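Peer 1: Pasting in a structure now, in structure tokens, and then I'll have a few things to ask.
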Amino acid sequence: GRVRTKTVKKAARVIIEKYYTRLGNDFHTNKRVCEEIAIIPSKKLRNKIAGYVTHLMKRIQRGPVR
Amino acid sequence: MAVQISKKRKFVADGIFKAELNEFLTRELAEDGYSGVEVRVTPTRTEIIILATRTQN
Amino acid sequence: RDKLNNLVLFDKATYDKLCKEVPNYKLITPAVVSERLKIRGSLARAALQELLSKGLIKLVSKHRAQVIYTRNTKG
Amino acid sequence: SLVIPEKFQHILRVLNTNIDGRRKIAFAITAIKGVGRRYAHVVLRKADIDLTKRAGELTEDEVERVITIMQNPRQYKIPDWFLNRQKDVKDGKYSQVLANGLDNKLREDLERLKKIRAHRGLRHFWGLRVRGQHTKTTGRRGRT
Amino acid sequence: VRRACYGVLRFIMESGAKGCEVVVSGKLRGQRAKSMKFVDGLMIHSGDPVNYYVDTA
Amino acid sequence: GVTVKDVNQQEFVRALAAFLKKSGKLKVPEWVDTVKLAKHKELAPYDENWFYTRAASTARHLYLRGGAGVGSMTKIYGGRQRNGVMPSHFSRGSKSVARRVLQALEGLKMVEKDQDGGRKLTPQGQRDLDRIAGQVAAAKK
Amino acid sequence: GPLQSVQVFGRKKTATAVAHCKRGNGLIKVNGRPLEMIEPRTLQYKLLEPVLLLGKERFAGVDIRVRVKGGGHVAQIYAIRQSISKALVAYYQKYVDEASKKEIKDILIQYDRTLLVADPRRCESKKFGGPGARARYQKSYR
Amino acid sequence: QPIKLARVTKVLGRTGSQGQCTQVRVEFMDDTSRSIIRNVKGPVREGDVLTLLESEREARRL
Amino acid sequence: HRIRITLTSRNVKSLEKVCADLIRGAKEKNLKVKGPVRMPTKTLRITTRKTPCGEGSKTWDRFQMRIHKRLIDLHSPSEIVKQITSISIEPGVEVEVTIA
Amino acid sequence: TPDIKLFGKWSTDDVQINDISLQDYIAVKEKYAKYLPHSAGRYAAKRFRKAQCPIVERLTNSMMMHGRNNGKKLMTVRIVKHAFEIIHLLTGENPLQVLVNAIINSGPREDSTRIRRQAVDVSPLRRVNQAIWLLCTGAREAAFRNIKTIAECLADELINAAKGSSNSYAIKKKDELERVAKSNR
RNA sequence: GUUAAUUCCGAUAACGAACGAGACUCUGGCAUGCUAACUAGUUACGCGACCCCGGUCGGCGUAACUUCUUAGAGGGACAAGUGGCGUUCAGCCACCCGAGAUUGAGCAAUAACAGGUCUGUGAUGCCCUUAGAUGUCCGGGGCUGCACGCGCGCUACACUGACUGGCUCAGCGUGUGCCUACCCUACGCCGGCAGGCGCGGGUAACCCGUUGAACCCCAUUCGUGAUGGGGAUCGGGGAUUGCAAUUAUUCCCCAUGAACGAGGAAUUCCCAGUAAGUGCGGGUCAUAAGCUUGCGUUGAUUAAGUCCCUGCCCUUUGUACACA
Ligand SMILES: [Mg+2]
Ligand SMILES: [Mg+2]
Ligand SMILES: [Mg+2]
Ligand SMILES: [Mg+2]
Ligand SMILES: [Mg+2]
Ligand SMILES: [Mg+2]
Ligand SMILES: [Mg+2]
Ligand SMILES: [Mg+2]
Ligand SMILES: [Mg+2]
Ligand SMILES: [Mg+2]
Ligand SMILES: [Mg+2]
Ligand SMILES: [Mg+2]
Ligand SMILES: [Mg+2]
């Protein structure tokens, strides 16, 4: 049951929309820049949204985003 | 203390005191707009403050 | 129900059967001795450690419950 | 030692009760009433008996040497507390009862507490639980 | 009761809150006990921020 | 060379009893052949030298940890009292069947009473125990 | 000469084992008593299997005295199981080459992973309304 | 009737009203030409060989 | 000299604040100090029924209260430790003074 | 013996299975070999990861049963190590060849259940599981109320199931179950 | 379609949101990294004792250090990487690295039930009672009473067992009271025991306590017999509690030794340290666990699915129901 919710996905889409330049295709690099630009009060939620950001990275690399 | 109470029982008993004073002043200051207390107990004295809405009554 | 009567000490024929049939048995436990010559398991242990005292059988594993003895070395 | 010897007592009538000789002595003299496994291993202890023997191996006179131990426990250093007939109500002695005296002494006190009209008393005559049980739910086998 | 509840609920929202919630229940002009319930604004109910966001009375 | 801790204890508990049996100065109580050894069980031991066992089998604990008295010894000889129709529980040993052991082993100089309560074990018995254990290790060899 | 020390834990369910390496003989004893008589002898060469996967050739140089505390029987023997192998590879981190360490740690890896990694399986807490953590009391319909 | 051996090519679905029989298409290892769908009771791995008692058994499975 | 200041409360970060304040007040006046020793905390547990009556489903509360125990060791006579101990304590914390 | 391994006192090599179907499901050989079949556990977490567990560990897990034997695994590895010498004294070879022969015999190749019962083939994992489970039962039914102990019970049930003697309590219900399976098809 | 989930994707007169879920909080697991510790230890060293240079020691004392011990700030896991299936979406599965690739709970919306509680209360309406009391106190009994039925449970039906020795391994805790008069106990003697008498320690990581727990384990004794399995009824004796034990308060000693040979119809709980076996704390407690709430020890069989049964929800449909 590892479906991440809209609370993850809204913030992840906003981060990847405003900050497509400073992000990379691996989790640990853009893990600490999303907490740099965005205030995430829970480190578990921080680790969720950066993972979904890294998941949207290769979709943008492969082709057109939503 | 000379009776030398335990420290589990001391932290239970002063919390009982904090409950009983808060409850007694809910009883007493009801029409006076009571809101709360907290009990800053020090050595050599116990500071006890009330906090309420209407004060001169 | 079923009423079996094991021997409590040996008969002369049963001690003869001990002398003639136990060492060539590949499996030597007091349980199989108790079912093959109708004896209590306690002196099936006690009468068969006599056979180790006179050296006709060989221990492999000794236990509070399962003492297991073997044949003689036939070669 | 291994074979059944001559004079192998299959049967015995000690204190006028039966015992098979196919059993060990220490757990065979438990089959008389009034001697269990605890008191048996003391009356065979005060007698010099190698207690690996079954009840058919032992010879003819120590089977009465063991008898006198029970009728005279204070002759043979068996203490006050180890008995079962301790501090009697009428003569106040410490004794040991054996296989025909137990059911007699069970009369000897229960008709006494019957005829004294005690609450302890009437329950035995009724056939009811005595020591304070709850017979509302348990004990339905005896009556109907 | 219904006018007093709005006279409280407008005040404790114009004094600044994300949302409040006021219940009144019991026997009142009759015998059958009814409970009407007054809300507005946001209100969380589960988890740890119940400890320090809402205050019950 | 050898010591007490380097050898199988299951065989060592027979040799420590045998060395006390060969000495035979242990101040045996008269009630050793009739007594029940604790509350948790009912039946007497099968062997006839249980006190000769339990004396030096108590003394070997007094090399591992001293300052341990009759409460520690009625603890370490506790067992599962089966209460019959109710669930079983842990219960102690008899106090006197360890107290006579301690009074015996302070009589014949193997242990002695010590500060912080209990018994410690004397250097004489400390020599004696691994003197036995060297013989046990030679039996192993 | 130099005190070549490494002092390495090992945890089964509750039991914690503290192995401690020095250079020396093949002295491997747990809490001051040697290995081959440790309760029970039912699984004695289970406790000997880190020696038997390695031989005496590497245990010859290092003598290890192992403390153990807590847990049960199987917990203590599985604690001193992995504590001595983790202590061996932790000594072989520093005082021999790591290209001597790898060829013996991957023996343990290819044999059984629990020989050097911990077991986080712990006792799940009992809940109200049950005799156990998952089991519930009997429910009486009608 | 000989005892035949076969290998799974695909695991498809569960049948049984209680959901207990993994219906699976398999092909034989001596005759790898054609393939038949049979019910298998128990855990069925992909990449698995199994003993079939006959090749005349088949049913309809939705 | 060998003065013990043991502090207790059931709020963690409040006593973590005031013990660090006592450490800073010790460092500022050139005193030798041992670190704050974290004693194994008491977790006082009470499990009662939820229901005021007795019929329902058998559900139980699980109330905890964690009281904490930290201590500071200093080496000075008492003209230095008392004023820094007296200043800046916040309401849950309770300190003590032990000469030994 | 650092590289080659002794199965307790036994050969772990030179035992060749005859069943193609349960090759990776059987577990004795070259990495599956273990000194005693007591272990830490973990093999009951995923679905097919219980097949990476040796048969001696599976039997030492399985044949403890009926409440009083729950949580007694060193107590029963004692029993199976006592039974190993009984196998050696009876048939005269490495007991794990006898064990895998008993598995391939006693494991029912096809059964019948509901989709009225229709014949359904079994899984090889469930076949070795049910082989072990039926070998548990005869070792216990004979040892109940008897002087003839489990050290002979799991011995001779295994020995009879090695050749399929139609006497082992596993083998008789093996004879029942696929017979009624081919009946109701 | 997918997920534990109105959890998301995706179709689309809807778009953007809120509550619930999730998020959060506590706990479990790993970090040879930080801060540390005479009430926690470890390694060395100096002694002591014993063994034939070395070994052992919870035998003593002290130069480092925090590995084990305690608990703070931090970190660590996100379906992250690979390979399949899939709108190539949301996601699922396997593998790699890994301490973890589904730890367990707490909290838990809209509402409803004439569910329960006036015997939790100085929360309360109304009624009854109120001096010969339905107030209060004291004495005695009762709440236990037993042809029967039902439910929650405990012990067994044995040999995988029982008995008797010995080996030997825990964690949650708790412990001197406003009233309150009642603690956990070391050790030494008396006694087989329950217990008694002395001195001590502990208001507590200090003392109990290295909490030497069982099951298990090592060796005995019995032999398929209602047997030493089983331990109900009952007889006698001795202690403790209290003001008082009789309807035996509870314990101890001996004896007596019942049914019970694996339980029909039916039915409960459960998938990982899980069930189950096993014992220990806490509550109630002067006396005290076949209960309950927690804790630890040992530790699996089976399965990764479905709507067959039983429930519950949602869509469609009918309604003359709407206190439904
Ligand atoms: Mg929320
Ligand atoms: Mg939640
Ligand atoms: Mg006891
Ligand atoms: Mg009132
Ligand atoms: Mg009154
Ligand atoms: Mg009154
Ligand atoms: Mg009724
Ligand atoms: Mg009933
Ligand atoms: Mg009885
Ligand atoms: Mg009876
Ligand atoms: Mg019977
Ligand atoms: Mg049912
Ligand atoms: Mg119609």
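Heads up, chain J uses Swiss-Prot numbers, so what you see runs 14-128, 135-204.
This entry, so its header tells us, was determined using electron microscopy, 3.4 Å.
Yeah, the Cβs are placed from backbone N, Cα and C, and that goes for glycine too.
Annotated phosphothreonine per Swiss-Prot: J:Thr14, in sequence order, evidence recorded as similarity to another entry. Annotated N6-acetyllysine per Swiss-Prot: J:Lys47, in sequence order, evidence recorded as similarity to another entry. For J:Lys47, the entry in Swiss-Prot reads SUMO2 cross-link. The feature phosphoserine is assigned by Swiss-Prot to J:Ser142.
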Peer 1: Would you mind reading off the Cα separation of J:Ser142 (phosphoserine) from J:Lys47 (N6-acetyllysine), to the nearest angstrom?
Peer 2: 26
Peer 1: Taking the Cα atoms as reference points, how far is the residue listed as 'phosphothreonine' from the residue listed as 'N6-acetyllysine' in Å?
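Peer 2: Per the Cα atoms, the residue listed as 'phosphothreonine' and the residue listed as 'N6-acetyllysine' stand 13 Å apart.
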Peer 1: Looking at the modified residues J:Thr14, J:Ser142, which one has the fewest other Cβ atoms within 10 Å of its own Cβ?
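Peer 2: Ranked by other Cβ atoms within 10 Å, the modified residues J:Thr14, J:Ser142 bottom out at J:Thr14.
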Peer 1: Test of understanding: give the count of other CB atoms lying within 10 angstroms of the CB of J:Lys47 (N6-acetyllysine).
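Peer 2: Other Cβ atoms within 10 Å of J:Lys47 (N6-acetyllysine): 22.
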Peer 1: Under DSSP, is J:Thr14 (phosphothreonine) part of a helix or a strand, or is it coil?
Peer 2: coil
